[PDB]
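Structure file input23.txt with compact mmCIF, C-alpha atoms (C1' of nucleotides):
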```
# COMPACT_ATOMS: atom_id res chain seq x y z
CA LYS A 94 -8.35 -6.14 -0.02
CA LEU A 95 -9.86 -9.57 0.65
CA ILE A 96 -8.46 -13.01 1.48
CA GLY A 97 -9.46 -16.55 0.56
CA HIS A 98 -11.96 -17.72 -2.06
CA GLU A 99 -13.23 -14.38 -3.32
CA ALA A 100 -9.76 -12.82 -3.18
CA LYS A 101 -8.97 -15.72 -5.51
CA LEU A 102 -12.01 -15.01 -7.67
CA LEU A 103 -10.74 -11.52 -8.54
CA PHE A 104 -7.13 -12.70 -8.69
CA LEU A 105 -8.81 -15.01 -11.20
CA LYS A 106 -10.65 -12.11 -12.83
CA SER A 107 -7.60 -9.87 -13.19
CA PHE A 108 -5.72 -12.77 -14.77
CA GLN A 109 -8.80 -12.97 -16.97
CA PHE A 110 -8.51 -9.37 -18.20
CA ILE A 111 -4.79 -8.91 -18.85
CA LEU A 112 -4.80 -11.99 -21.06
CA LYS A 113 -7.64 -10.41 -23.02
CA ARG A 114 -5.67 -7.18 -23.32
CA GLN A 115 -2.76 -9.35 -24.41
CA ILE A 116 -4.84 -10.98 -27.15
CA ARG A 117 -6.12 -7.81 -28.81
CA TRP A 118 -2.68 -6.27 -29.20
CA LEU A 119 -2.14 -9.76 -30.60
CA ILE A 120 -4.69 -9.06 -33.33
CA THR A 121 -3.43 -5.56 -34.06
CA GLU A 122 0.06 -7.07 -33.96
CA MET A 123 -0.61 -9.82 -36.50
CA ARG A 124 -4.14 -9.08 -37.73
CA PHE A 125 -5.47 -12.64 -38.02
CA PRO A 126 -9.30 -12.06 -37.66
CA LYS A 127 -12.06 -13.38 -35.43
CA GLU A 128 -10.19 -16.61 -35.52
CA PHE A 129 -7.19 -15.72 -33.38
CA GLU A 130 -9.51 -14.01 -30.92
CA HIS A 131 -12.14 -16.67 -30.36
CA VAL A 132 -9.85 -19.69 -30.19
CA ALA A 133 -7.93 -17.87 -27.47
CA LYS A 134 -11.14 -17.20 -25.58
CA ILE A 135 -12.40 -20.78 -25.38
CA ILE A 136 -8.87 -21.96 -24.64
CA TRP A 137 -9.08 -20.09 -21.34
CA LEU A 138 -12.77 -20.95 -21.04
CA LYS A 139 -11.42 -24.51 -21.10
CA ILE A 140 -8.71 -23.52 -18.63
CA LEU A 141 -11.34 -22.00 -16.34
CA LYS A 142 -13.43 -25.16 -16.51
CA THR A 143 -10.72 -27.04 -14.62
CA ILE A 144 -10.20 -24.33 -12.00
CA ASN A 145 -13.84 -24.41 -10.85
CA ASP A 146 -13.81 -28.19 -10.28
CA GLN A 147 -10.92 -28.41 -7.82
CA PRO A 148 -12.34 -25.25 -6.14
CA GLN A 149 -13.80 -25.80 -2.62
CA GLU A 150 -10.76 -23.91 -1.43
CA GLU A 151 -8.38 -24.89 -4.20
CA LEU A 152 -5.82 -22.15 -4.64
CA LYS A 153 -3.32 -23.87 -6.89
CA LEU A 154 -4.43 -21.83 -9.91
CA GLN A 155 -2.12 -18.94 -9.19
CA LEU A 156 -1.14 -19.31 -12.85
CA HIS A 157 2.35 -17.68 -13.41
CA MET A 158 3.74 -14.76 -15.54
CA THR A 159 4.42 -17.45 -18.14
CA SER A 160 0.97 -19.15 -18.01
CA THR A 161 -0.56 -16.38 -20.13
CA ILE A 162 1.89 -16.55 -23.03
CA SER A 163 1.76 -20.36 -22.92
CA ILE A 164 -1.97 -19.88 -23.44
CA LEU A 165 -1.49 -17.50 -26.35
CA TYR A 166 1.25 -19.78 -27.62
CA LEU A 167 -0.91 -22.91 -27.71
CA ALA A 168 -3.79 -20.98 -29.24
CA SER A 169 -1.48 -19.65 -31.93
CA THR A 170 -0.21 -23.15 -32.68
CA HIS A 171 -3.75 -24.44 -33.02
CA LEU A 172 -3.90 -21.76 -35.72
CA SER A 173 -0.18 -22.25 -36.30
CA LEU A 174 0.61 -18.64 -37.19
CA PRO A 175 4.23 -18.38 -35.83
CA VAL A 176 7.08 -19.52 -33.52
CA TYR A 177 8.16 -19.16 -29.86
CA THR A 178 11.59 -17.57 -29.73
CA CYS A 179 10.63 -15.12 -32.42
CA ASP A 180 7.43 -14.32 -30.60
CA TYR A 181 9.22 -13.91 -27.32
CA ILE A 182 11.96 -11.69 -28.69
CA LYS A 183 9.50 -9.55 -30.60
CA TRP A 184 7.32 -9.21 -27.58
CA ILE A 185 10.15 -8.15 -25.30
CA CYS A 186 11.62 -5.78 -27.83
CA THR A 187 8.42 -3.88 -28.46
CA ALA A 188 6.83 -4.60 -25.08
CA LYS A 189 4.10 -5.78 -27.38
CA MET A 190 2.69 -7.72 -24.46
CA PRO A 191 1.30 -6.00 -21.33
CA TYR A 192 3.08 -9.04 -19.86
CA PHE A 193 5.88 -7.50 -17.78
CA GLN A 194 3.90 -4.96 -15.73
CA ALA A 195 0.51 -5.78 -14.20
CA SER A 196 -0.56 -2.21 -13.42
CA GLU A 197 -2.67 -1.87 -16.52
CA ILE A 198 -5.55 -3.89 -15.17
CA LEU A 199 -8.32 -1.43 -15.60
CA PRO A 200 -8.06 -2.07 -11.92
CA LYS A 201 -6.52 0.91 -10.32
CA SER A 202 -9.05 -0.91 -8.15
CA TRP A 203 -8.06 -4.53 -8.75
CA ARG A 204 -4.65 -3.29 -7.65
CA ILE A 205 -6.14 -2.18 -4.33
CA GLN A 206 -8.21 -5.33 -4.17
CA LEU A 207 -5.01 -5.91 -2.22
CA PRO A 208 -2.55 -7.45 -4.69
CA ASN A 209 -2.42 -9.54 -1.51
CA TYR A 210 -1.74 -12.97 -1.76
CA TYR A 211 -2.29 -12.93 -5.52
CA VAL A 212 -2.92 -9.90 -7.80
CA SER A 213 0.17 -8.23 -6.36
CA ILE A 214 2.00 -11.39 -7.43
CA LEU A 215 0.62 -10.65 -10.90
CA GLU A 216 1.99 -8.77 -13.93
CA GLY A 217 5.78 -8.61 -14.34
CA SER A 218 7.43 -10.57 -11.54
CA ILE A 219 10.52 -11.73 -13.50
CA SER A 220 12.06 -13.12 -16.72
CA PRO A 221 12.05 -16.85 -17.71
CA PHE A 222 14.89 -19.16 -16.68
CA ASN A 223 15.99 -22.51 -18.14
CA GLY A 224 12.75 -24.35 -18.70
CA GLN A 225 10.83 -21.95 -16.48
CA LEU A 226 8.94 -21.38 -19.70
CA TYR A 227 8.62 -24.57 -21.69
CA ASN A 228 7.56 -26.50 -18.60
CA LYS A 229 4.47 -24.33 -18.08
CA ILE A 230 3.34 -24.96 -21.64
CA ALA A 231 3.40 -28.69 -20.95
CA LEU A 232 1.38 -28.18 -17.78
CA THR A 233 -1.16 -26.12 -19.70
CA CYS A 234 -1.41 -28.85 -22.33
CA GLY A 235 -1.99 -31.42 -19.61
CA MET A 236 -4.75 -29.40 -17.99
CA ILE A 237 -5.92 -28.45 -21.46
CA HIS A 238 -5.59 -31.91 -22.96
CA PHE A 239 -4.56 -29.58 -25.82
CA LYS A 240 -3.19 -32.09 -28.30
CA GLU A 241 -6.52 -33.89 -28.61
CA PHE A 242 -8.34 -30.57 -28.91
CA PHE A 243 -6.11 -28.74 -31.36
CA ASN A 244 -4.50 -29.69 -34.65
CA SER A 245 -0.86 -29.69 -35.80
CA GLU A 246 0.99 -28.76 -32.60
CA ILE A 247 4.48 -27.27 -32.78
CA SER A 248 4.95 -27.49 -36.55
CA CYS A 249 5.97 -24.55 -38.67
CA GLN A 250 8.22 -24.86 -41.71
CA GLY A 251 8.40 -21.18 -40.83
CA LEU A 252 10.66 -21.69 -37.82
CA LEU A 253 13.14 -23.39 -40.14
CA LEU A 254 12.96 -20.39 -42.50
CA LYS A 255 13.31 -17.97 -39.58
CA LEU A 256 16.38 -19.97 -38.56
CA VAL A 257 18.23 -20.21 -41.88
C1' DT B 1 0.71 59.60 89.43
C1' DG B 2 -1.38 62.38 85.86
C1' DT B 3 -1.52 65.42 81.54
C1' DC B 4 0.39 67.49 77.34
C1' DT B 5 3.18 67.95 72.97
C1' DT B 6 5.54 66.40 68.62
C1' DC B 7 6.45 63.11 64.55
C1' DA B 8 6.03 59.62 61.52
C1' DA B 9 3.51 55.56 59.53
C1' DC B 10 -0.75 54.43 57.37
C1' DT B 11 -5.55 55.48 54.88
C1' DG B 12 -7.87 57.24 51.20
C1' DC B 13 -8.47 60.14 46.89
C1' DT B 14 -8.18 63.42 42.42
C1' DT B 15 -13.63 63.46 35.24
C1' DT B 16 -17.41 61.45 32.44
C1' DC B 17 -18.71 58.39 28.77
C1' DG B 18 -18.40 55.48 24.95
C1' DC B 19 -15.52 52.42 21.54
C1' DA B 20 -12.01 49.17 21.53
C1' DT B 21 -10.27 44.60 22.39
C1' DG B 22 -9.25 41.24 23.91
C1' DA B 23 -5.28 38.95 25.76
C1' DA B 24 -3.37 35.85 29.49
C1' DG B 25 -1.05 32.79 34.07
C1' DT B 26 2.32 26.79 32.66
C1' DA B 27 5.68 22.93 34.50
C1' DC B 28 6.58 17.76 34.25
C1' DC B 29 5.53 14.78 31.63
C1' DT B 30 3.46 12.75 28.09
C1' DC B 31 1.36 9.80 24.41
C1' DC B 32 0.44 10.70 20.15
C1' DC B 33 2.01 11.80 16.09
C1' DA B 34 4.84 11.99 11.97
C1' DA B 35 9.06 9.56 10.01
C1' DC B 36 13.02 6.63 7.63
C1' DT B 37 14.66 2.59 6.97
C1' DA B 38 14.93 -1.89 7.59
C1' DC B 39 12.86 -6.09 8.34
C1' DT B 40 9.22 -9.26 8.15
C1' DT B 41 4.70 -11.36 6.11
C1' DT B 42 1.20 -14.42 2.84
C1' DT B 43 0.42 -16.64 -1.07
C1' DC B 44 2.14 -18.49 -4.69
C1' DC B 45 5.37 -20.68 -7.91
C1' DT B 46 8.72 -24.02 -9.83
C1' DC B 47 12.09 -27.43 -9.91
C1' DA B 48 15.02 -31.55 -7.57
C1' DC B 49 17.23 -36.45 -6.07
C1' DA B 50 17.03 -41.22 -6.25
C1' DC B 51 16.18 -45.79 -7.70
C1' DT B 52 16.29 -49.14 -11.08
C1' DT B 53 17.48 -51.06 -16.18
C1' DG B 54 20.42 -53.63 -19.18
```

Please express what this file holds, its structure, as structure tokens.
Amino acid sequence: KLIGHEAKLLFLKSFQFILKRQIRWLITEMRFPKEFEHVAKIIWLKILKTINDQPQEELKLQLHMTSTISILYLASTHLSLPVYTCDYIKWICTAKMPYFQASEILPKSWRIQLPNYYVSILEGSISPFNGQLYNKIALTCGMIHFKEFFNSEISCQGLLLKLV
DNA sequence: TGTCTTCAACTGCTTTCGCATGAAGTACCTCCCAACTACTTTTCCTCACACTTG
């Protein structure tokens, strides 16, 4: 229950946390050591860097339901473990991600922090339409300047195998 | 003009001494309160049309 800059800071924070919860199920899910974990962490560290700069009263960050998986997606590609469609279907099928419902938090309290303008608009709003999902990845790459930072992006002779 | 006589209406009382065990007048209006559903609210997000090229 707070509006403005600090409302945003915790909106920020909550976004912070669920992604982390997302990542660890990621590790249990695939089991691809420190590596998957730390690359994902700095990726968002890098994402955060940008958010602070256009701060003042910049509230454009309200990253979407898709922003988080785009993050995990790009981090995975850096590593280049899998694929997108496969990942998405697997995730929906097993709810592997905490993606669809945002009640997890650890907030009970973050919830009450008045999901207000933001945190309420977090965790599970709706399912991806048309490019309502590849477009975000591009935006993340732009903010990220991801291609310079990470090697071999979108690759995978494994998607071909998956497909045949 | 004067005195006597009756009847009926009204006054006042008819154990003491303690526990009990207190309750209860109050109508007209109400604003507040509690409610169900619908509607509205704040912040955020993402795409779209057009113009110009050859």

Rank B:46, B:40, B:11, B:16 by their smallest atom-to-atom distance to chain A, using all atoms listed in the file, and report the top residue only.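 Of the candidates, the smallest distance to chain A is held by B:46.
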
Within 8 Å of chain B, which residues of chain A show up? Give each one with its shortest atom-to-atom distance in Å (one decimal) and the two atoms involved, counting all atoms listed in the file, rows by chain then rising residue number, as CSV.
```
residue,atom,partner,partner_atom,distance
A:153,CA,B:44,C1',8.0
A:155,CA,B:44,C1',6.2
A:157,CA,B:45,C1',7.0
A:209,CA,B:42,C1',7.5
A:210,CA,B:43,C1',4.3
A:211,CA,B:43,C1',6.4
A:214,CA,B:44,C1',7.6
A:225,CA,B:46,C1',7.3
```

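Between CA of residue 118 in chain A and CA of residue 190 in chain A there is a distance of 7.3 Å.
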
Which one is closest to residue 160 in chain A: A:113, A:124, A:229, A:189? Count only C-alpha atoms. A:229

Straight-line distance linking CA of residue 106 in chain A with CA of residue 240 in chain A, stated in Å to one decimal: 26.3 Å

Would you list the contacts of residue 200 in chain A as a list in words, taking every protein, DNA or RNA residue within 12 Å and counting only C-alpha atoms (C1' of nucleotides), but skipping same-chain residues closer than 2 positions in sequence?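 Non-adjacent residues within range: residues 103, 104, 106, 107, 108, 110, 111, 195, 196, 197, 198, 202, 203, 204, 205, 206, 207, 208, 212 and 213 of chain A.
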
Need to verify the contact set: residue 248 in chain A, 10 Å, only C-alpha atoms (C1' of nucleotides), exclusion of same-chain residues closer than 2 positions in sequence. Can you return it as a PDB file with C-alpha atoms, in the frame of the given file?
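This went into part-v1.pdb:
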```pdb
ATOM      1  CA  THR A 170      -0.210 -23.150 -32.680  1.00  0.00           C
ATOM      2  CA  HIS A 171      -3.750 -24.440 -33.020  1.00  0.00           C
ATOM      3  CA  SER A 173      -0.180 -22.250 -36.300  1.00  0.00           C
ATOM      4  CA  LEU A 174       0.610 -18.640 -37.190  1.00  0.00           C
ATOM      5  CA  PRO A 175       4.230 -18.380 -35.830  1.00  0.00           C
ATOM      6  CA  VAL A 176       7.080 -19.520 -33.520  1.00  0.00           C
ATOM      7  CA  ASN A 244      -4.500 -29.690 -34.650  1.00  0.00           C
ATOM      8  CA  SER A 245      -0.860 -29.690 -35.800  1.00  0.00           C
ATOM      9  CA  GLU A 246       0.990 -28.760 -32.600  1.00  0.00           C
ATOM     10  CA  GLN A 250       8.220 -24.860 -41.710  1.00  0.00           C
ATOM     11  CA  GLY A 251       8.400 -21.180 -40.830  1.00  0.00           C
ATOM     12  CA  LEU A 252      10.660 -21.690 -37.820  1.00  0.00           C
ATOM     13  CA  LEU A 253      13.140 -23.390 -40.140  1.00  0.00           C
TER      14      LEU A 253
END
```

re CA of residue 154 in chain A and CA of residue 235 in chain A: distance 13.9 Å

Once N, CA and C atoms are restored for range 166-184 of chain A, what would the output be as a PDB file, keeping the file's coordinate frame?
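Writing done, so here's part_6.pdb:
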```
ATOM      1  N   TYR A 166       0.379 -18.945 -26.810  1.00  0.00           N
ATOM      2  CA  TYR A 166       1.250 -19.780 -27.620  1.00  0.00           C
ATOM      3  C   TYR A 166       0.499 -20.984 -28.176  1.00  0.00           C
ATOM      4  N   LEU A 167      -0.168 -21.723 -27.294  1.00  0.00           N
ATOM      5  CA  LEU A 167      -0.910 -22.910 -27.710  1.00  0.00           C
ATOM      6  C   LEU A 167      -2.034 -22.533 -28.662  1.00  0.00           C
ATOM      7  N   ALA A 168      -2.710 -21.424 -28.380  1.00  0.00           N
ATOM      8  CA  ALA A 168      -3.790 -20.980 -29.240  1.00  0.00           C
ATOM      9  C   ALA A 168      -3.243 -20.660 -30.623  1.00  0.00           C
ATOM     10  N   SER A 169      -2.096 -19.994 -30.663  1.00  0.00           N
ATOM     11  CA  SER A 169      -1.480 -19.650 -31.930  1.00  0.00           C
ATOM     12  C   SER A 169      -1.121 -20.904 -32.704  1.00  0.00           C
ATOM     13  N   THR A 170      -0.579 -21.902 -32.007  1.00  0.00           N
ATOM     14  CA  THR A 170      -0.210 -23.150 -32.680  1.00  0.00           C
ATOM     15  C   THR A 170      -1.443 -23.830 -33.254  1.00  0.00           C
ATOM     16  N   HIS A 171      -2.533 -23.852 -32.498  1.00  0.00           N
ATOM     17  CA  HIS A 171      -3.750 -24.440 -33.020  1.00  0.00           C
ATOM     18  C   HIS A 171      -3.846 -23.844 -34.419  1.00  0.00           C
ATOM     19  N   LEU A 172      -3.889 -22.514 -34.473  1.00  0.00           N
ATOM     20  CA  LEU A 172      -3.900 -21.760 -35.720  1.00  0.00           C
ATOM     21  C   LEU A 172      -2.580 -21.969 -36.463  1.00  0.00           C
ATOM     22  N   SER A 173      -1.490 -22.038 -35.710  1.00  0.00           N
ATOM     23  CA  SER A 173      -0.180 -22.250 -36.300  1.00  0.00           C
ATOM     24  C   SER A 173       0.303 -21.039 -37.093  1.00  0.00           C
ATOM     25  N   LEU A 174       0.087 -19.847 -36.554  1.00  0.00           N
ATOM     26  CA  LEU A 174       0.610 -18.640 -37.190  1.00  0.00           C
ATOM     27  C   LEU A 174       2.155 -18.437 -37.154  1.00  0.00           C
ATOM     28  N   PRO A 175       2.790 -18.626 -35.975  1.00  0.00           N
ATOM     29  CA  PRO A 175       4.230 -18.380 -35.830  1.00  0.00           C
ATOM     30  C   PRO A 175       5.135 -19.423 -35.119  1.00  0.00           C
ATOM     31  N   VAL A 176       5.833 -18.955 -34.074  1.00  0.00           N
ATOM     32  CA  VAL A 176       7.080 -19.520 -33.520  1.00  0.00           C
ATOM     33  C   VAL A 176       7.217 -19.060 -32.051  1.00  0.00           C
ATOM     34  N   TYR A 177       8.150 -19.599 -31.255  1.00  0.00           N
ATOM     35  CA  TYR A 177       8.160 -19.160 -29.860  1.00  0.00           C
ATOM     36  C   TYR A 177       9.222 -18.086 -29.404  1.00  0.00           C
ATOM     37  N   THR A 178      10.404 -18.376 -29.942  1.00  0.00           N
ATOM     38  CA  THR A 178      11.590 -17.570 -29.730  1.00  0.00           C
ATOM     39  C   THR A 178      11.391 -16.261 -30.444  1.00  0.00           C
ATOM     40  N   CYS A 179      10.871 -16.336 -31.665  1.00  0.00           N
ATOM     41  CA  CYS A 179      10.630 -15.120 -32.420  1.00  0.00           C
ATOM     42  C   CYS A 179       9.569 -14.321 -31.697  1.00  0.00           C
ATOM     43  N   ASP A 180       8.513 -15.002 -31.272  1.00  0.00           N
ATOM     44  CA  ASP A 180       7.430 -14.320 -30.600  1.00  0.00           C
ATOM     45  C   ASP A 180       7.948 -13.691 -29.333  1.00  0.00           C
ATOM     46  N   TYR A 181       8.713 -14.449 -28.569  1.00  0.00           N
ATOM     47  CA  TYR A 181       9.220 -13.910 -27.320  1.00  0.00           C
ATOM     48  C   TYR A 181      10.124 -12.718 -27.542  1.00  0.00           C
ATOM     49  N   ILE A 182      11.048 -12.810 -28.495  1.00  0.00           N
ATOM     50  CA  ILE A 182      11.960 -11.690 -28.690  1.00  0.00           C
ATOM     51  C   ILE A 182      11.207 -10.461 -29.161  1.00  0.00           C
ATOM     52  N   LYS A 183      10.249 -10.665 -30.058  1.00  0.00           N
ATOM     53  CA  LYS A 183       9.500  -9.550 -30.600  1.00  0.00           C
ATOM     54  C   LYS A 183       8.734  -8.885 -29.479  1.00  0.00           C
ATOM     55  N   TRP A 184       8.105  -9.716 -28.655  1.00  0.00           N
ATOM     56  CA  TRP A 184       7.320  -9.210 -27.580  1.00  0.00           C
ATOM     57  C   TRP A 184       8.193  -8.422 -26.652  1.00  0.00           C
TER      58      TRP A 184
END
```
